[PDB]
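Remarks on the structure that follows.
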Amino acid sequence: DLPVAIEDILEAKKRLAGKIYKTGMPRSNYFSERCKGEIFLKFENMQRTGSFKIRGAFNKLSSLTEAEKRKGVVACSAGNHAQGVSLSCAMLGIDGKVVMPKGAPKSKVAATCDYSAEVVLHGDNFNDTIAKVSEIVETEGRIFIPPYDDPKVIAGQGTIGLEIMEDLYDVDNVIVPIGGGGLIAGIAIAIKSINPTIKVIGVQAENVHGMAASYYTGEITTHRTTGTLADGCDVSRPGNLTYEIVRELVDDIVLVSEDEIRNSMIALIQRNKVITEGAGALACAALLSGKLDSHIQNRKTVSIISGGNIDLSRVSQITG
Amino acid sequence: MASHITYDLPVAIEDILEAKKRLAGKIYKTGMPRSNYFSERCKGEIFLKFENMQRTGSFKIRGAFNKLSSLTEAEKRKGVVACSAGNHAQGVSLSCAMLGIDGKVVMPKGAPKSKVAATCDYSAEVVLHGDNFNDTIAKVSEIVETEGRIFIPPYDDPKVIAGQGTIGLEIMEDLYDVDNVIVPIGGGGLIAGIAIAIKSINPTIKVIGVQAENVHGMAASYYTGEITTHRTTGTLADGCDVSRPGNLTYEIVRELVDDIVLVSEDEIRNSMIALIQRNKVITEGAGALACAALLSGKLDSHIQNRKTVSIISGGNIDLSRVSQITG
Ligand code: NA
C-alpha cells in the first residue's frame with residue numbers, strides 16, 4: 001500500500017554505491033550510563049555536507065533520466081537541503097539553482113555556492129522562496145527537488161536503516177528526529193521490511209510538530225507556535241507520502257522541550273565530543289528526557305545524530 | 001613476529017590479551033568510521049579511531065585501568081599516586097573510582113581549571129603543587145616515600161602499554177584488511193601497545209608515529225639510536241609534550257614502528273580545524289597529530305588506494321579554545 005518499498009531503498013543503495021559511504025555508529029559511554037541500556041549514536045552529522053540529506057538528494061538526482069538532468073534542477077532551503085542538493089549537483093554534473101531568503105546564515109550560503117549550485121537570494125521568508133521556486137519552474141522548466149516528500153528522497157534516506165541493521169543485528173529501538181518525515185519514513189521502511197520487531201520512534205520539538213500532530217490526529221494536520229533550537233525540524237505540516245508511511249510503520253512519536261534539546265546538545269559535545277546541530281540532538285533529547293525509559297532500559301537503542309551544521313559560536317551560545 | 005616480540009620485547013601479545021580480559025564489560029570499543037574529508041584529501045580510505053570518545057575523553061583510561069586492576073589486593077590497599085596536568089590524571093582518578101582504590105593525583109598549580117575539576121569529580125584526592133612537571137614529580141616522590149603509595153606511570157610500564165594495546169585489537173576486529181595505522185607519540189605507551197597488537201596479528205601492517213616539530217624526544221631517540229631529549233618549546237599537541245621517551249617504549253618502538261614523522265603547529269591547527277568543521281568531532285591538539293601527518297603530504301607514499309587508521313587520541317580541550325581556533 002505504501003508509496004515507497006524496500007526495493008526502492010535497495011535501488012538507492014545501488015545508486016549510492018562508491019559515492020556515499022556508511023557513517024559510524026559507536027556505543028556511547030555517557031548515554032548508555034545515563035539511560036541504563038546500550039545506546040548507539042548514528043553519525044549522520046559526519047555524512048557528506050554535514051547531514052544525512054545528501055543521501056535522498058543524491059538518489060533523486062542520480063535517478064533522473066539524461067533528459068531530465070539536462071533540464072536543470074531547483075530547490076529552496078537556507079541550510080541542509082541546500083547543501084545536499086548543491087553537492088549532488090557537482091557530483092553528477094547537473095546544473096542547479098537553490099533559492100534562499102534575502103539574508104540567510106552566511107556559513108550556509110558560501111557552503112552551497114562552494115558545492116557548485118547557483119544561489120538565488122530572494123524574499124523575507126520561506127513562503128517567498130517557494131513562490132520564487134514556482135516562478136523558476138514555470139519560466140525555466142527546472143525540476144524541483146523536494147526536501148522530504150518524494151519517493152526517491154525517502155528511499156535515499158532509508159539506506160541509513162540498512163546500515164543500522166548491517167552494524168547491529170540485535171538492535172531493539174531506533175530513535176529518529178522528524179521535520180517533514182523523509183528520514184523516519186525511509187528508515188521505517190528499511191527497518192520494518194527486514195525486522196519488524198525493531199521499534200521505530202520519532203521525536204519532535206514541543207514548539208513545532210506537524211508530523212506528531214498528524215500522527216495523534218489520524219490525518220495530515222498542521223502544528224506550529226514558534227521556532228526551535230531543532231531548526232532542521234521546524235516543519236509545520238508533514239509530507240503526504242511521509243505521513244502515509246509514518247502512520248503505518250512508526251511505533252510512537254514523542255515531544256521534547258527546548259531545554260531538553262539544549263541539554264542533549266551539551267551532553268553530545270561535552271560528554272561525547274560530537275558536534276551536533278539542534279535537530280541532530282533531538283533523538284538524544286528524548287533519551288535523556290525519561291519519556292523512552294520503558295523502551296531503552298536493558299536494551300539496545302540507536303539514536304540518529306542527523307546533522308552537525310552549526311557554528312561553534314552558536315554551540316558556545318547554547319552551552320553557556 | 002608474535003614469537004619474536006614475545007621472546008625479545010618487554011611487552012607482548014599475551015599482555016594485551018590479559019588487558020582485554022581485565023577491561024571486558026568495563027571499557028568499551030570506540031568508533032572507527034571512514035572519513036569523507038580525509039579520504040577525499042588523501043586519495044585513499046582514511047578511518048578515524050575515536051579515543052576522544054573513550055571514558056575520560058582520551059585513551060589513557062585503558063592503560064591506567066589495566067595497571068590498577070592488575071594490582072594484588074594488598075597492593076591496592078597501599079593506595080596509588082600519579083602526577084599529570086590532564087589526561088593521565090583523569091584516567092587514574094576514574095580507574096580508582098571504578099576499582100574502589102584510594103588515589104592521590106598531583107597536578108601543577110595553573111593546570112586548566114576544567115581538567116582539575118574533572119579529576120576531582122571522579123574520586124581521587126587532588127594535590128595542587130608547583131609550576132611545572134618536575135615539581136609534581138618531586139611531590140610524587142615525597143608521597144611515595146612518606147605514604148608508601150604505588151606510583152602509576154603515564155607510559156613506561158608493561159601494564160599501561162598492554163592496556164593501550166587493546167586499541168590495536170579493536171582495529172583488527174573492525175578492519176582486518178587495514179594497511180596503515182598512524183599514531184601520535186608522547187612517551188610512546190600508546191604506539192608501543194598498538195604496535196605489539198597490530199604486528200603480532202598481521203606484521204605486514206605499517207605502524208607510523210607522529211610528533212610535533214616543537215618537541216619530539218621519541219623521534220630524536222629513534223633517529224639517533226639512544227634515548228635522547230628534545231624540546232624546542234611547547235605545542236598545541238600538549239598531550240604529546242614529552243621531551244624524553246620511556247625506556248620500555250623506546251625499545252618497542254625501535255623494533256616495531258616503521259617510521260616517525262614530524263608536523264608543524266600550523267599543520268596541527270589545520271588538522272584540528274578539519275576534524276572539527278569537516279568531521280564534526282572535538283579533538284585536542286594531540287588527537288589531531290595523526291591527521292596532521294596525513295594532510296601534510298608526509299605519508300603520501302603509503303596512503304593512496306590503501307586503508308589507513310588515524311588515532312584521534314583525545315578530545316580534552318576547552319570549547320573556548322576550540323571556538324577560538326575555529327573562529
Ligand atoms: Na624505520
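Residues are referred to by chain and number: the chain letter is A, B, ... according to the order shown in the C-alpha cells, the number counts from 1 in that chain, and ligands are numbered separately from 1 in the order shown.
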*Distance-based interface of chain B with chain A, 6 Å, counting only C-alpha atoms, as JSON, numbers by chain*: {"B": [31, 33, 53, 279, 280, 281, 282, 323]}
_Backbone DSSP call of alpha helix (DSSP H) for stretch 247-299 of chain B, listed as JSON, numbers by chain_ = {"B": [247, 248, 249, 250, 251, 252, 253, 254, 255, 256, 265, 266, 267, 268, 269, 270, 271, 272, 273, 279, 289, 290, 291, 292, 293, 294, 295, 296]}
Output file for the residues above (N, CA and C atoms, as a compact mmCIF listing (two decimals), in the first residue's frame):
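This went into again-v5.txt:
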```txt
# COMPACT_ATOMS: atom_id res chain seq x y z
N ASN B 247 61.82 4.05 28.59
CA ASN B 247 62.79 3.00 28.31
C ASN B 247 62.16 1.82 27.61
N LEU B 248 61.05 1.33 28.16
CA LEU B 248 60.36 0.19 27.58
C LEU B 248 59.78 0.57 26.22
N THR B 249 59.17 1.75 26.16
CA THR B 249 58.51 2.21 24.95
C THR B 249 59.53 2.41 23.82
N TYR B 250 60.68 3.03 24.11
CA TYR B 250 61.72 3.19 23.09
C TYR B 250 62.17 1.84 22.52
N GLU B 251 62.38 0.86 23.40
CA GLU B 251 62.80 -0.47 22.98
C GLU B 251 61.80 -1.08 22.00
N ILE B 252 60.51 -0.93 22.30
CA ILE B 252 59.44 -1.50 21.48
C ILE B 252 59.32 -0.74 20.16
N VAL B 253 59.33 0.59 20.25
CA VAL B 253 59.21 1.45 19.07
C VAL B 253 60.35 1.23 18.07
N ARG B 254 61.57 1.08 18.57
CA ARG B 254 62.70 0.92 17.66
C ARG B 254 62.62 -0.40 16.89
N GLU B 255 61.96 -1.40 17.46
CA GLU B 255 61.77 -2.68 16.79
C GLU B 255 60.54 -2.73 15.87
N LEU B 256 59.43 -2.13 16.30
CA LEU B 256 58.12 -2.32 15.65
C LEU B 256 57.49 -1.13 14.92
N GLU B 265 53.14 23.32 13.98
CA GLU B 265 51.99 23.85 14.68
C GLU B 265 50.86 24.24 13.73
N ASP B 266 51.21 24.79 12.57
CA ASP B 266 50.18 25.15 11.58
C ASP B 266 49.49 23.88 11.07
N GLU B 267 50.27 22.83 10.85
CA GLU B 267 49.73 21.55 10.41
C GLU B 267 48.80 20.93 11.45
N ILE B 268 49.19 21.00 12.72
CA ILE B 268 48.32 20.53 13.81
C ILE B 268 47.01 21.34 13.80
N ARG B 269 47.12 22.66 13.76
CA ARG B 269 45.95 23.54 13.73
C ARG B 269 45.01 23.22 12.56
N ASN B 270 45.58 23.09 11.36
CA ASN B 270 44.81 22.77 10.17
C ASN B 270 44.05 21.45 10.35
N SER B 271 44.71 20.47 10.96
CA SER B 271 44.10 19.16 11.20
C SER B 271 42.95 19.25 12.20
N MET B 272 43.16 20.01 13.28
CA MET B 272 42.09 20.28 14.26
C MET B 272 40.87 20.90 13.58
N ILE B 273 41.12 21.91 12.76
CA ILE B 273 40.06 22.59 12.02
C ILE B 273 39.30 21.61 11.12
N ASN B 279 34.57 16.97 10.02
CA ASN B 279 34.20 15.66 10.59
C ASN B 279 33.37 15.75 11.87
N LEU B 289 47.25 15.05 15.69
CA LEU B 289 48.60 14.79 15.15
C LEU B 289 48.61 13.82 13.97
N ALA B 290 47.98 12.66 14.14
CA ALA B 290 47.99 11.65 13.07
C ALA B 290 47.35 12.20 11.78
N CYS B 291 46.20 12.85 11.92
CA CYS B 291 45.54 13.51 10.79
C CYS B 291 46.36 14.65 10.17
N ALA B 292 47.14 15.33 11.00
CA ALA B 292 48.05 16.36 10.52
C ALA B 292 49.12 15.76 9.61
N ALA B 293 49.67 14.62 10.02
CA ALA B 293 50.65 13.89 9.18
C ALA B 293 50.05 13.50 7.83
N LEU B 294 48.83 12.98 7.88
CA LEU B 294 48.11 12.61 6.67
C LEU B 294 47.92 13.79 5.71
N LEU B 295 47.46 14.93 6.22
CA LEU B 295 47.22 16.12 5.38
C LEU B 295 48.50 16.81 4.91
N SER B 296 49.60 16.58 5.62
CA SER B 296 50.88 17.25 5.37
C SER B 296 51.55 16.84 4.07
```
*Neighbour list for residue A:154 as a PyMOL selection string, cut-off 9 Å, only C-alpha atoms, skip fewer than 6 positions in-chain*: chain A and resi 4+8-9+56+148+181-187+241-242
Writing out the chosen residues with C-alpha atoms as a PDB file, in the first residue's frame:
```
ATOM      1  CA  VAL A   4       7.940   3.548  -1.136  1.00  0.00           C
ATOM      2  CA  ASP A   8      13.354   1.436  -3.753  1.00  0.00           C
ATOM      3  CA  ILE A   9      15.841   1.506  -0.865  1.00  0.00           C
ATOM      4  CA  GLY A  56      17.982  11.446  -0.603  1.00  0.00           C
ATOM      5  CA  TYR A 148      11.281  15.012   2.002  1.00  0.00           C
ATOM      6  CA  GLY A 181       9.259  12.891   7.666  1.00  0.00           C
ATOM      7  CA  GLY A 182      11.603  11.698   4.881  1.00  0.00           C
ATOM      8  CA  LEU A 183      14.301  10.463   7.245  1.00  0.00           C
ATOM      9  CA  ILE A 184      11.971   8.462   9.506  1.00  0.00           C
ATOM     10  CA  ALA A 185       9.841   7.207   6.592  1.00  0.00           C
ATOM     11  CA  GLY A 186      12.894   5.821   4.805  1.00  0.00           C
ATOM     12  CA  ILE A 187      14.392   4.331   7.963  1.00  0.00           C
ATOM     13  CA  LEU A 241       3.878  10.384   1.342  1.00  0.00           C
ATOM     14  CA  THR A 242       5.858  10.573   4.574  1.00  0.00           C
TER      15      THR A 242
END
```
*List all protein, DNA and RNA residues that have an atom no more than 12 Å from any atom of ligand 1, counting only C-alpha atoms and all ligand atoms, and report them as an MDAnalysis selection string.*
chainID B and resid 206:209 219 222:225 253:261
*For residue B:32, which of B:140, B:242, B:48, B:11 is the closest residue, counting only C-alpha atoms?*
B:48
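Distances from A:303, A:112, A:263, A:62 to residue A:161 were compared using only C-alpha atoms, and the smallest one belongs to A:303.
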*Hey, what does DSSP flag as strand (DSSP E or B) within stretch 17-223 of chain A? Can you give it to me as a PyMOL selection string?*
chain A and resi 27+38-43+51+73-76+96-100+118-121+143-144+173-177+199-205+208
Take the residues that were just selected and, keeping N, CA and C atoms, output them as an mmCIF file, in the first residue's frame.
```cif
data_model
loop_
_atom_site.group_PDB
_atom_site.id
_atom_site.type_symbol
_atom_site.label_atom_id
_atom_site.label_comp_id
_atom_site.auth_asym_id
_atom_site.auth_seq_id
_atom_site.Cartn_x
_atom_site.Cartn_y
_atom_site.Cartn_z
ATOM 1 N N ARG A 27 28.866 2.652 20.248
ATOM 2 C CA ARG A 27 28.255 2.715 21.569
ATOM 3 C C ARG A 27 28.680 4.028 22.245
ATOM 4 N N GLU A 38 22.078 0.017 26.429
ATOM 5 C CA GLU A 38 23.127 0.290 25.452
ATOM 6 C C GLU A 38 22.624 1.252 24.383
ATOM 7 N N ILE A 39 23.241 2.432 24.343
ATOM 8 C CA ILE A 39 22.880 3.483 23.405
ATOM 9 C C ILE A 39 23.991 3.626 22.364
ATOM 10 N N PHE A 40 23.593 3.597 21.096
ATOM 11 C CA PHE A 40 24.496 3.762 19.960
ATOM 12 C C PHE A 40 24.121 5.032 19.189
ATOM 13 N N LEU A 41 25.130 5.744 18.696
ATOM 14 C CA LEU A 41 24.911 7.022 18.028
ATOM 15 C C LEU A 41 25.252 6.926 16.553
ATOM 16 N N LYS A 42 24.261 7.125 15.683
ATOM 17 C CA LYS A 42 24.443 7.062 14.236
ATOM 18 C C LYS A 42 24.863 8.437 13.722
ATOM 19 N N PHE A 43 26.108 8.530 13.252
ATOM 20 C CA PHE A 43 26.757 9.824 12.984
ATOM 21 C C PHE A 43 26.467 10.403 11.601
ATOM 22 N N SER A 51 25.104 16.472 7.094
ATOM 23 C CA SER A 51 23.822 15.869 7.469
ATOM 24 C C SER A 51 23.495 14.715 6.522
ATOM 25 N N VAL A 73 17.913 21.760 -12.332
ATOM 26 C CA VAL A 73 17.231 21.414 -11.113
ATOM 27 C C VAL A 73 17.096 22.665 -10.255
ATOM 28 N N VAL A 74 16.089 22.685 -9.381
ATOM 29 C CA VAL A 74 15.863 23.819 -8.491
ATOM 30 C C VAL A 74 15.416 23.337 -7.104
ATOM 31 N N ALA A 75 15.845 24.066 -6.079
ATOM 32 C CA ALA A 75 15.463 23.792 -4.693
ATOM 33 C C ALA A 75 15.357 25.105 -3.922
ATOM 34 N N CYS A 76 14.745 25.043 -2.740
ATOM 35 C CA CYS A 76 14.746 26.179 -1.817
ATOM 36 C C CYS A 76 15.009 25.672 -0.411
ATOM 37 N N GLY A 96 22.287 23.330 -11.166
ATOM 38 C CA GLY A 96 21.380 23.565 -10.040
ATOM 39 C C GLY A 96 21.210 25.025 -9.651
ATOM 40 N N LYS A 97 19.990 25.374 -9.240
ATOM 41 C CA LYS A 97 19.686 26.668 -8.634
ATOM 42 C C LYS A 97 19.083 26.405 -7.258
ATOM 43 N N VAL A 98 19.566 27.108 -6.235
ATOM 44 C CA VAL A 98 18.998 26.998 -4.891
ATOM 45 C C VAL A 98 18.563 28.381 -4.412
ATOM 46 N N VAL A 99 17.274 28.533 -4.099
ATOM 47 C CA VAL A 99 16.722 29.794 -3.593
ATOM 48 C C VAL A 99 16.806 29.881 -2.058
ATOM 49 N N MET A 100 17.182 31.060 -1.547
ATOM 50 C CA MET A 100 17.199 31.358 -0.102
ATOM 51 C C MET A 100 16.579 32.734 0.157
ATOM 52 N N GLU A 118 24.096 27.494 -8.274
ATOM 53 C CA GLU A 118 23.821 28.927 -8.230
ATOM 54 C C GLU A 118 22.880 29.223 -7.076
ATOM 55 N N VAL A 119 23.272 30.149 -6.207
ATOM 56 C CA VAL A 119 22.409 30.589 -5.116
ATOM 57 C C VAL A 119 21.634 31.831 -5.557
ATOM 58 N N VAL A 120 20.316 31.796 -5.369
ATOM 59 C CA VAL A 120 19.449 32.941 -5.612
ATOM 60 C C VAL A 120 18.890 33.408 -4.270
ATOM 61 N N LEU A 121 19.308 34.595 -3.834
ATOM 62 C CA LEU A 121 18.800 35.188 -2.598
ATOM 63 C C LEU A 121 17.522 35.953 -2.914
ATOM 64 N N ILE A 143 13.595 21.094 -12.744
ATOM 65 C CA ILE A 143 12.941 20.085 -11.907
ATOM 66 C C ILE A 143 13.148 20.398 -10.427
ATOM 67 N N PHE A 144 12.041 20.472 -9.693
ATOM 68 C CA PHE A 144 12.079 20.763 -8.270
ATOM 69 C C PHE A 144 12.507 19.526 -7.478
ATOM 70 N N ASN A 173 15.513 -0.680 19.369
ATOM 71 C CA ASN A 173 14.846 0.587 19.073
ATOM 72 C C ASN A 173 15.729 1.481 18.204
ATOM 73 N N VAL A 174 15.092 2.241 17.314
ATOM 74 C CA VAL A 174 15.774 3.287 16.564
ATOM 75 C C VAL A 174 15.006 4.587 16.788
ATOM 76 N N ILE A 175 15.705 5.594 17.301
ATOM 77 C CA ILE A 175 15.097 6.860 17.650
ATOM 78 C C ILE A 175 15.478 7.915 16.611
ATOM 79 N N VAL A 176 14.474 8.547 16.009
ATOM 80 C CA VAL A 176 14.689 9.365 14.795
ATOM 81 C C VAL A 176 14.015 10.741 14.891
ATOM 82 N N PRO A 177 14.754 11.839 14.572
ATOM 83 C CA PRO A 177 14.118 13.166 14.547
ATOM 84 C C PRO A 177 13.193 13.292 13.336
ATOM 85 N N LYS A 199 11.524 -1.426 17.128
ATOM 86 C CA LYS A 199 10.692 -0.233 17.248
ATOM 87 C C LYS A 199 11.363 0.968 16.584
ATOM 88 N N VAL A 200 10.555 1.736 15.861
ATOM 89 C CA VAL A 200 10.996 2.969 15.231
ATOM 90 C C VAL A 200 10.153 4.102 15.826
ATOM 91 N N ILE A 201 10.831 5.024 16.508
ATOM 92 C CA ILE A 201 10.189 6.039 17.327
ATOM 93 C C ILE A 201 10.702 7.403 16.909
ATOM 94 N N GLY A 202 9.777 8.328 16.660
ATOM 95 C CA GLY A 202 10.111 9.677 16.241
ATOM 96 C C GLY A 202 10.166 10.681 17.370
ATOM 97 N N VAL A 203 10.884 11.774 17.125
ATOM 98 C CA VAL A 203 10.990 12.885 18.066
ATOM 99 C C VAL A 203 10.818 14.236 17.367
ATOM 100 N N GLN A 204 10.043 15.110 17.996
ATOM 101 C CA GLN A 204 9.904 16.491 17.537
ATOM 102 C C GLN A 204 9.893 17.451 18.709
ATOM 103 N N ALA A 205 10.058 18.730 18.390
ATOM 104 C CA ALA A 205 10.041 19.785 19.387
ATOM 105 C C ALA A 205 8.619 20.093 19.837
ATOM 106 N N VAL A 208 6.943 23.058 17.651
ATOM 107 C CA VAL A 208 6.508 22.820 16.272
ATOM 108 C C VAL A 208 6.629 21.332 15.936
#
```
*Skipping near chain neighbours, those fewer than 3 positions away, what residues fall within 10 Å of residue B:59 using only C-alpha atoms, listed as a list in words?*
residues 30, 50, 51, 52, 53, 54, 55, 56, 62, 63, 64, 87, 88, 91, 163, 164, 166, 167, 190, 311, 312, 313, 314 and 315 of chain B
*When you draw a straight line from atom CA of residue B:92 to atom CA of residue A:268, how long is it in Å?*
23.5 Å
_Residue nearest residue A:293 among A:34, A:255, A:14, A:103 (counting only C-alpha atoms)_ =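 Of A:34, A:255, A:14, A:103, the one nearest residue A:293 is A:34, counting only C-alpha atoms.
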Using only C-alpha atoms, determine which residues lie at most 8 Å from stretch 126-139 of chain B, disregarding the query and same-chain residues fewer than 2 positions distant; provide the list as a short mmCIF file (atom, residue, chain, number, x, y, z; two decimals) with N, CA and C atoms, in the first residue's frame.
```cif
data_model
loop_
_atom_site.label_atom_id
_atom_site.label_comp_id
_atom_site.auth_asym_id
_atom_site.auth_seq_id
_atom_site.Cartn_x
_atom_site.Cartn_y
_atom_site.Cartn_z
N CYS B 83 51.09 11.88 38.81
CA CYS B 83 51.15 13.32 38.52
C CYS B 83 50.79 13.56 37.06
N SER B 84 50.00 14.60 36.83
CA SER B 84 49.54 14.94 35.49
C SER B 84 48.76 16.24 35.55
N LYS B 104 45.79 9.46 44.90
CA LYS B 104 46.23 10.83 45.11
C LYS B 104 46.88 11.29 43.80
N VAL B 105 46.40 12.40 43.24
CA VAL B 105 46.91 12.90 41.96
C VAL B 105 47.50 14.30 42.15
N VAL B 106 48.78 14.45 41.80
CA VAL B 106 49.47 15.73 41.94
C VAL B 106 49.38 16.46 40.60
N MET B 107 48.83 17.67 40.64
CA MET B 107 48.68 18.49 39.44
C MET B 107 49.41 19.80 39.67
N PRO B 108 50.00 20.37 38.60
CA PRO B 108 50.66 21.65 38.79
C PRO B 108 49.64 22.74 39.05
N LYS B 109 50.00 23.71 39.88
CA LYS B 109 49.19 24.92 40.04
C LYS B 109 49.09 25.58 38.66
N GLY B 110 47.88 25.98 38.28
CA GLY B 110 47.66 26.59 36.97
C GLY B 110 47.47 25.59 35.84
N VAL B 116 41.40 20.12 36.24
CA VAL B 116 41.47 19.93 37.69
C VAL B 116 40.09 19.55 38.24
N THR B 119 39.18 15.94 37.31
CA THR B 119 39.91 14.95 38.13
C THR B 119 39.34 14.84 39.55
N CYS B 120 38.88 15.96 40.10
CA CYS B 120 38.24 15.97 41.41
C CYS B 120 36.88 15.28 41.39
N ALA B 124 39.65 10.62 43.17
CA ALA B 124 40.97 10.80 43.78
C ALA B 124 41.14 12.15 44.48
N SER B 141 57.37 11.83 44.45
CA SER B 141 58.48 11.14 45.12
C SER B 141 58.39 11.24 46.64
N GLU B 142 57.98 12.41 47.14
CA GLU B 142 57.75 12.61 48.58
C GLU B 142 56.59 11.75 49.09
N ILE B 143 55.48 11.76 48.36
CA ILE B 143 54.29 10.98 48.72
C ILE B 143 54.58 9.48 48.72
#
```
